[PDB]
Amino acid sequence: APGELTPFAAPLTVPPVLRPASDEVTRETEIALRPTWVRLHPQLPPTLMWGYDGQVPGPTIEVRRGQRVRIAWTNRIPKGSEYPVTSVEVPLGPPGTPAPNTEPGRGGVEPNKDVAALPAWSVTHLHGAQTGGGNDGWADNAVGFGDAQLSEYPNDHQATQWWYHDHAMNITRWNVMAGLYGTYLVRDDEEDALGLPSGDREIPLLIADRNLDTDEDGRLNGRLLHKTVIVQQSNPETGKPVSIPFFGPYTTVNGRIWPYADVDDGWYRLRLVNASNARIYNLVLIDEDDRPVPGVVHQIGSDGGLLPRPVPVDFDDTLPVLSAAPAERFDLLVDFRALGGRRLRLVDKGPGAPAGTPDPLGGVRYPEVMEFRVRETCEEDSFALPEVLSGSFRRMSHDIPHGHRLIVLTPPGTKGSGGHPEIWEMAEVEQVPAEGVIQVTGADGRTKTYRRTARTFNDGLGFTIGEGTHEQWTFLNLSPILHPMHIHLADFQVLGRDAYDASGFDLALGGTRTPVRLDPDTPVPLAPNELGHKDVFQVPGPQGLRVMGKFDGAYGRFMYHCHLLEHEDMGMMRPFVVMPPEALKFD
Amino acid sequence: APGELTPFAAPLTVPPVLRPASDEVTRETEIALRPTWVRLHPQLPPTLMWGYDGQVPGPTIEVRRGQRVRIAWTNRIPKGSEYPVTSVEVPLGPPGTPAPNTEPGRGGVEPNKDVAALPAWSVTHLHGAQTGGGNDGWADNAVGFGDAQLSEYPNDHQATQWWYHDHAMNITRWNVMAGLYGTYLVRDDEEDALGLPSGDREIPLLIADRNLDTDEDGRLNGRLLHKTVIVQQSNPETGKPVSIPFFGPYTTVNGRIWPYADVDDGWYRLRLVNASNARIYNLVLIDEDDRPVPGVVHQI
Ligand SMILES: [Cu+2]
Ligand SMILES: [Cu+2]
Ligand SMILES: [Cu+2]
Ligand SMILES: [Cu+2]
């Protein structure tokens, strides 16, 4: 239409590669945060962003397992710099019409001045890294211009895809959107012996949705626009309006809106991460006629490394979409051998229309993510994918002695919560229907009682954990909304999912009237791609999720939280501490 | 058949060549034992092994008769390392059917926990070598992580093929299987004067049979499996069961199951050693119709 960007007008780029490992461990690699001008699209003007080394995404850091590395994340954004991200909250639109976050522009609403007034204040978190809390990017310890955050990463972890981004307390949703994100690949001998496509044929893909502001006649102007929609104008408990997380109509891949990539008719490896604030990409690979393309994509790794077996992603009805929530990583082989001279598209699928078809109304006005243009060669790729991938993979057993956490996730309108969803840490009991008490009727048909002991980031510490121990964490989502939960430090495995009836939960009370009931005639199968190592799993509701993990290889104070950046900036986050068992004896 | 490897799917490799002779005899060549992942077959995942210089087979050492050589066989396998070889003993199975050592997997049986607890404890024996007992790899004198066994080999012996391998007291059967073997060639003027095929045309072949573990659905998982068969469950004299030696279904040549080798229509020299625990290979050269080929092989 008039005023729309043409998809696939510009080629894909990849961030420059950084290899920081050296003989001299005391010689840090400075990674300087600097303002930079970014061409999102040939049809836009340049866009002001903040980049690690002036690049968006940041450089792709590459290391080998065991190579000890030191990085100085160094704020070089001058005092007085314009804040790259304009922020607005806008009214709801007419019902049954596309929400305003399906559109650019502010619709008359004034940029929020308090965001405009943000100085550069940043802390970098290497998401997925096994490293002590002093290295982790703790949210309060963001630094201003001239100052550094120093991180050691021992990198004593199997080959995987990590990624790094701003984590500044309360403002992570803006800082990350400004451009502070990048990926970080660890290599090892096990991965090497797989003989995976590499060099030219290994492509990091950092995808993120954006919105843009518009000029006064409605022309897009390239300015980053964090636009949310108000679902409650005035919250009964507080003064304040209440808004949903960020979703935008434009999809960026490696810092470009809707790029194309020229590839050969061979095997390729994609290191995919969703770096979006909140959007879940339900990805489908489709051909010129919008037909999903089976038998071509294979998932081979996940957050924490190689899967035990490759998972076919055939966009059939065993896995119709590859669902990628914020912060999740997918190690994908795609096999273009039979596809020379073809053009294929990765698209976000809307719930209300086929893959490839706009569904503005399902939150996907523009399906396009990126295009592959496959050149016919006369070459023969004999790459072999084995049926078992990793010989190192050992399945997590519930038989290993472990401790237990229950984390309840609550509906937004819950009592005492100011209209926001929350993390509630729960402790079991051994004054029935009361505030902060939740009963649960388990599978075995019996009922336990739990009390709420923390509801927000700054409540007193709940989880203190001996280094080297295993713990099973249950996330019990009592709401209809999906929270991609993330735990710093550790690798976990998914043990089980169960559906619940949660209509026993009284929002106005903030407790159960009648118990939350496991619902055993709704099986929730595990996704076929979540049986490896994960550190950020999706938790729909009403449901419960069982993960297990070894808290291993480092110490300190760490975070777990929701990875919708808006919910994270609004209290949906908790600390935990990992100490030597021997220091645990002193409390 | 479903779940079977395709023979001849990957090319033969040869260990890298090592040439330790030097003008300063007091400068040892360090040969460090390390964990390594090796791809036995394209249809398998990578396999955990222990290798001399991270190589399985270890490097082909080459020396001339009279070149005095000192080697520090140096344990660099980190403490806490997973032991690479899984050990089980399984019951007989029905008479007139293939023995269980004919099949991959453990069947029901538990990995032996004592073998799984082994730390890396190795001593290296140069099999063939004429050198004093101090150098020969006495079996009790295995070394743990961070230490070395030092060996002088005067190499005063006519040209031949020797081979080297772990010789650790009581655990040799697992250590060698873990990957600790390689070959060692001595050259001299007499063999040189025969002008034998050399370079590209001399190929060491270290053959060894192996067994592998399976997952629950019975897929091969690349994990080294030392699986022996119980022939007497309770020996009258001792508490304990008695099992036969190791035999396994897969043949590796230079660390690859059933490789192929591209050669020219010319004379080749093969330096063949059987590094198996126990299997005696009864070797036949056959053609595409399975006919044995006469007039082609000569042992020298
Ligand atoms: Cu993290
Ligand atoms: Cu449990
Ligand atoms: Cu959330
Ligand atoms: Cu001997």
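Here is how names work: the chains are called A, B, and so on, in the same order as the sequence lines, proteins then strands, and each is numbered from 1. Worth knowing before you read on, the calculation uses all heavy atoms, side chains too, and leaves out hydrogens, waters and symmetry mates.
- Because its NZ or CZ atom is not both nearer than 6.0 Å to the ring centre of A/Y500 and within 45° of the ring axis, A/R517 does not count as a cation-pi partner of that residue.
- Ionic pairing of A/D213 and A/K227 is not present here: no N-O contact between side-chain nitrogen and carboxylate oxygen is shorter than 4.0 angstrom.
- Under the 4.5 Å side-chain criterion, counting only non-hydrogen atoms from C-beta, A/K448 is not in contact with A/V429.
- Under the 3.5 Å distance criterion, with hydrogens and angles disregarded, a donor-acceptor pair is assigned to the side chains of A/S323 and A/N282.
- The minimum heavy-atom distance linking A/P351 with A/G362 is given by the pair CD-O, 3.8 Å.
- Distance alone, capped at 3.5 Å, places no donor-acceptor pair between the A/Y181 side chain and the A/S276 backbone.
- Looking at A/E568 and A/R173, no side-chain N of the basic residue comes within less than 4.0 Å of a carboxylate O on the acidic one, giving no salt bridge.
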Does the ring-ring contact (aromatic ring centres under 6.0 Å, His included) test come out yes or no for A/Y560 and A/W473, once each step is laid out?
CA-CA 11 Å; A/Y560 75 94; A/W473 286 30; 5.1 Å; yes
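- Taking A/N101 as the reference, nothing meets the side chain to side chain donor-acceptor pair (under 3.5 Å) condition, with sequence neighbours excluded.
- The two residues A/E422 and A/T410 come nearest to each other via the heavy atoms N-OG1, 3.0 Å.
- Within the 3.5 Å criterion, the main-chain N or O of A/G301 finds a donor-acceptor partner in the side chain of A/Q299.
- Looking at A/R452 and A/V437, their side chains never come closer than 4.5 Å, going by heavy atoms from C-beta outward.
- The pair A/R279-A/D348 meets the salt-bridge criterion, since a charged nitrogen lies less than 4.0 angstrom from a carboxylate oxygen.
- Between A/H127 and A/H486, the two ring planes are parallel [angle under 30°; tilted spans 30° to 60°].
- When all heavy atoms of A/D491 and A/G304 are compared, the closest pair comes out as OD1-CA, 3.3 Å.
- Inspection of the A/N274 and A/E328 side chains reveals no N or O donor paired with an N or O acceptor under 3.5 Å.
- The aromatic rings of A/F537 and A/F492 stand perpendicular to each other, their planes meeting at an angle above 60°, with 30° marking the opposite boundary.
- The shortest side-chain heavy-atom distance between A/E471 and A/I465 falls under the 4.5 Å cut-off.
- One side chain, A/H226 or A/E566, offers a donor N or O that lies under 3.5 Å from an acceptor on the other.
- Counted by atom type alone, A/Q439 and A/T449 present one or more donor-acceptor pairs between their side chains at under 3.5 Å.
- Counting heavy atoms from C-beta on, the side chains of A/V440 and A/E428 never come closer than 4.5 Å.
- Side-chain atoms of A/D552 and A/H470 include no donor-acceptor pair closer than 3.5 Å.
- Put simply, the side chain of A/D136 never gets that close to the backbone of A/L126: no donor and acceptor are under 3.5 Å apart.
- Using modelled atom types, one side-chain atom of A/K113 and one backbone atom of A/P111 make a donor-acceptor pair closer than 3.5 Å.
- A/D303 pairs in a side chain to side chain donor-acceptor pair (under 3.5 Å) with only one of the listed residues (A/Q161, A/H533, A/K534), which is A/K534.
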Go through the steps for A/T522 and A/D519 under the test side chain to side chain donor-acceptor pair (under 3.5 Å), then give the verdict.
CA-CA 6 Å; A/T522 311; A/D519 170 12; 2.9 Å; yes
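- Outside the 6.0 Å centre-distance limit, the rings of A/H125 and A/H561 are not counted as a close aromatic pair.
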Compile the donor-acceptor pairs under 3.5 Å between side chains in residues 571-585 of chain A and protein atoms, sequence neighbours left out, one pair per line.
| residue | atom | partner | partner atom | Å |
| --- | --- | --- | --- | --- |
| A/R574 | NE | A/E425 | OE2 | 2.8 |
| A/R574 | NH1 | A/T456 | O | 3.0 |
| A/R574 | NH1 | A/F457 | O | 3.3 |
| A/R574 | NH1 | A/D459 | O | 3.0 |
| A/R574 | NH2 | A/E425 | OE1 | 3.1 |
| A/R574 | NH2 | A/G460 | O | 2.8 |

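- A donor-acceptor contact shorter than 3.5 Å is absent between the side chain of A/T512 and the backbone of A/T514.
- Remark: side-chain polar atoms of A/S479 are not paired, donor with acceptor, to backbone N or O of A/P411 under 3.5 angstrom.
- The shortest distance between side-chain heavy atoms of A/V516 and A/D501 does not fall below 4.5 Å.
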Report the C-alpha distance between A/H563 and A/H567 in whole Å, list the side-chain angles of each, state the deciding distance to 0.1 Å, and finish with yes or no for ring-ring contact (aromatic ring centres under 6.0 Å, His included).
CA-CA 8 Å; A/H563 212 288; A/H567 294 167; over 10 Å; no
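- Taking each heavy atom of A/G132 and A/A554 in turn, the nearest pair found is N-CB, 3.4 Å.
- Between the A/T183 side chain and the A/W162 main chain, a donor and an acceptor come within less than 3.5 Å of each other.
- A/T102 and A/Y366 form no side-chain donor-acceptor contact under 3.5 Å, judged by distance and modelled atom types alone.
- In summary, the side chains of A/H404 and A/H402 do present a donor paired with an acceptor at a separation below 3.5 Å, with no hydrogens or angles considered.
- Not a single donor-acceptor pair under 3.5 Å links the side chain of A/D506 to the backbone N or O of A/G511.
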Please tabulate, for side-chain N and O atoms in residues 242-249 of chain A, each donor-acceptor pair with protein atoms closer than 3.5 Å (sequence neighbours left out).
| residue | atom | partner | partner atom | Å |
| --- | --- | --- | --- | --- |
| A/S243 | OG | A/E89 | OE2 | 2.8 |

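- Looking only at distances, a side-chain donor or acceptor of A/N477 sits under 3.5 Å from a matching main-chain atom of A/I481.
- Side chain of A/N112 to backbone of A/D114: a donor-acceptor contact under 3.5 angstrom is found.
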